[PDB]
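# Summary of structural features
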6 protein chains.
Amino acid sequence: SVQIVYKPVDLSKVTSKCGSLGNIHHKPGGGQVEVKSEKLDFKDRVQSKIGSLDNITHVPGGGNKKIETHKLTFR
Amino acid sequence: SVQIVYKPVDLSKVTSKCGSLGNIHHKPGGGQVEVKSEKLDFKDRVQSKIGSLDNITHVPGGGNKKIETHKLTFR
Amino acid sequence: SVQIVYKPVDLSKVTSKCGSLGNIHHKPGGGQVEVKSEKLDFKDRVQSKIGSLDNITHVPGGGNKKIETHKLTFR
Amino acid sequence: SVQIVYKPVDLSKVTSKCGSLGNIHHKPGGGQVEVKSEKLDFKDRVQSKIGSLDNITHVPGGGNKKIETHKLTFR
Amino acid sequence: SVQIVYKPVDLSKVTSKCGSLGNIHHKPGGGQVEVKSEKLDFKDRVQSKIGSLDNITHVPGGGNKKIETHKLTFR
Amino acid sequence: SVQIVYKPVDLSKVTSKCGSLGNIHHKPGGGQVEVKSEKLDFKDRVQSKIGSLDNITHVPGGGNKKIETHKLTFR
């Protein structure tokens, strides 16, 4: 016969104090984008992008990530 | 015969203080985008984008992510 | 006694042929203008301009200037 | 006694042929202009300009200037 | 007694042929201009400019300048 | 007594052929200009410029200058 026991335990305190978060700035693609094209011959899929794209400005006043995982297999 | 036990336990306190979050700015695609095109011959799918796109400005005054997971298999 | 004579003469033909004037373009101030200002103290005249201004696009299909002048003094 | 004579003469033909004037372009201030200012103290005149200004695009299909001048003094 | 004579003469033909003027381009201030300023103290006139300014794109399909001048003094 | 004679004469033909003027380009101030300033104390006139300025792109399909001058003094 089989006897199995699991006792995970945690208290942890993942913390982040700030007195004053200030004055973040972000200027992607300030400048000028130009794209000329003549006599182009494609015989398959095309994807294009031009300009400012996919620009993130994440500012988590927190941003305290915490993660956990627990597997327990038996055959 | 089989005897199995699980006891996960947690108290954790994922915290984020700020006194004052201020003054975030974000200027994607400030500048000018131009795109000329002449005598183009496609024989398959086209996707295009031009300009400002997909610009995020996430600002979680919190942004305290927490995650957990628990699997328990038996054959 | 005094005897004075003036005989200016001209035929000149100031010419400009074009077969086809085409396709002029002009994009001033394509981009973005921003102007922040805090705690400014003036004790005299101010002039300001912001943006697109005073942009000319002269296109004289002719533009044949001709000029002449004639003074004739006596004391 | 005094005897004075003037005989200026001209035929000249100031010419400019073009078959086809085409495809002029002009993009001043494509990009982005930003101007922050804090705690400034002036005690005299201010002039400011920001942005695109005074941009000319003269395109005289002709542009044949011709000039002349004639003085004739006597004391 | 005094006897004075003037006989200027001209035929000249100032010419400019072109078959095809094409495809002129001009991109001043493509890029990005930024100007921060803090605790500035002036006690006299200020002039400022920021950005694209005074940009010419003269394209005289002709541009045949011709000039002349004639003085004739007597005391 | 006095006898004076002037006989200037000209035929000259100042010419410029082109078959095809093409494809001129000009990109001043492509790049980025930044100008920070703190605790500046002026006690006299200021002039400033920042950015793209005074950029010419003269393209005289002709550009045949011709000049002449004639003085004739008597005391």
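Residues numbered from 1 in each chain as written, not as in the entry; some residues may be left out. Chains lettered and ligands numbered in written order. Heavy atoms only, no water.

Core analysis: the largest hydrophobic core is formed by 10 residues, namely D:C18, D:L21, D:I24, D:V59, E:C18, E:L21, E:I24, E:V59, F:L21 and F:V59. The set of elements that each furnish at least two residues to this core consists of β2 (17-21) of chain D together with β2 (17-21) of chain E. Each residue touching D:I24, except ones within four places of it in the same chain, is listed here: C:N23, C:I24, C:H25, E:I24, E:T57 and E:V59. (Core = buried A, V, L, I, M, F, W, Y, C linked by side-chain atoms within 4.5 Å. Buried < 20%, exposed > 50% of the residue type's maximum accessible area, 1.4 Å probe, protein only. Helix = DSSP H or I, 4+ residues; strand = E, 2+ residues; numbered from the N terminus. Contact = heavy atoms within 4.5 Å.)

Each partner contributes to the interface: chain D provides 5 residues, whereas chain B provides 6 residues. The contact between chain D and chain B buries some 440 Å² in all, and 48% of this surface belongs to carbon and sulfur atoms. Looking at the side of chain D facing chain B, the largest losses of area belong to D:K27, D:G30 and D:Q32, adding up to 76% of the total buried there. For the pair chain D and chain B, the number of links is 2 salt bridges. Close ionic contact of B:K27 with D:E34 constitutes a salt bridge, the shortest N to O distance being 3.7 Å. Joining chain D to chain B, the criterion identifies 2 residue pairs in polar contact. Looking at side-chain class alone, the side of chain D that touches chain B contains no nonpolar, 3 polar and 2 charged residues. (Buried area = accessible area lost by both parts, 1.4 Å probe. Salt bridge = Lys/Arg side-chain N within 4 Å of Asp/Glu carboxyl O. Polar contact = N/O pair within 3.5 Å; in protein donor to acceptor, adjacent residues only side chain to side chain. Nonpolar A, V, L, I, M, F, W, Y, C, P; charged D, E, K, R; others polar.)

Let's shift gears to the interface of chain A and chain B. On the chain B side, the residues contacting the 75 residues of chain A number 75 residues. Here chain A packs against chain B, burying approximately 6100 Å² in sum over the two surfaces, 51% of which is carbon and sulfur. For the interface between chain A and chain B, the tally reads 75 residue pairs in polar contact. Grouping the amino acids of the side of chain A that touches chain B by side-chain chemistry returns 25 nonpolar, 30 polar and 20 charged. Taken together, the 3 bridges between strand β1 (residues 2-4) of chain A and strand β1 (residues 2-4) of chain B define a ladder with parallel strand orientation. Each residue of the ladder has a partner; that of A:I4, found in β1(B), is B:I4. (Pairing = 2+ DSSP bridges.)

Take the side chain of E:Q32 next. Structurally, the position occupied by E:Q32 is in the loop between β2 and β3 (33-35). The contacts of E:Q32, once residues within four sequence positions are left out, are A:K27, A:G30, D:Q32, F:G31, F:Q32 and F:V33.

To continue, consider the arrangement of the chains. One finds no contact between chain A and chain F; the C-alpha atoms of the two approach each other to within 8 Å at their closest. At no point do chain C and chain F touch; the closest pair of C-alpha atoms across them sits 11 Å apart.

Using the criterion set out here, one finds 26 salt bridges over all chains in the structure. We note a salt bridge from A:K49 to A:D54, for which the minimum N-O separation is 3.0 Å. Among the ionic contacts, a cluster of salt bridges with common partners joins A:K27, B:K27, C:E34, D:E34 and E:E34.

This part covers the sheet that holds strand β5 (residues 46-47) of chain C. Strand order across the open sheet formed by 4 strands is β5(C)-β5(D)-β5(E)-β5(F), with parallel pairing between neighbours. Each end of this open sheet is capped by a strand with a single partner; those strands are β5 of chain C together with β5 (46-47) of chain F. Direction of pairing for β5(C) relative to strand β5 (residues 46-47) of chain D: parallel, over a ladder of 2 bridges. Across the sheet, the residue bridging to C:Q47 is D:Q47, located in β5(D).

What follows deals with the sheet that holds strand β2 (residues 17-21) of chain F. Remark on secondary structure: sheet strands pair via backbone hydrogen bonds, oriented parallel or antiparallel. The strand order across the open sheet formed by 4 strands is β2(C)-β2(D)-β2(E)-β2(F), and the pairing between neighbours is parallel. For this open sheet the edge positions go to β2 (17-21) of chain C together with β2 of chain F, each flanked by a neighbour on one side alone. This sheet shows a mean twist of 0° between the axes of neighbouring strands, independent of strand direction. Sheet topology note: the β2(C)/β2(D) ladder contains 4 bridges and is parallel. For C:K17, the partnering residue across the bridge sits in β2(D) and is D:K17. (Axes fitted to C-alpha atoms, helices over the stretch in contact; angles between N-to-C directions.)

This part takes up the packing of aromatic side chains. Counted by the stated rule, this structure contains 12 aromatic pairs over all chains. Judged by centre distance (4.8 Å) and plane angle (0°), the ring pair of C:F42 and D:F42 falls under stacked. You can see C:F42 sitting in strand β4 (residues 38-42) and its partner D:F42 sitting in strand β4 (residues 38-42), one on each of two chains. D:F42 gets classed as buried once you look at its relative accessible area, which sits at 6%. (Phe/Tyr/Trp six-rings, centres within 6.5 Å; stacked < 30°, edge-to-face > 60°.)

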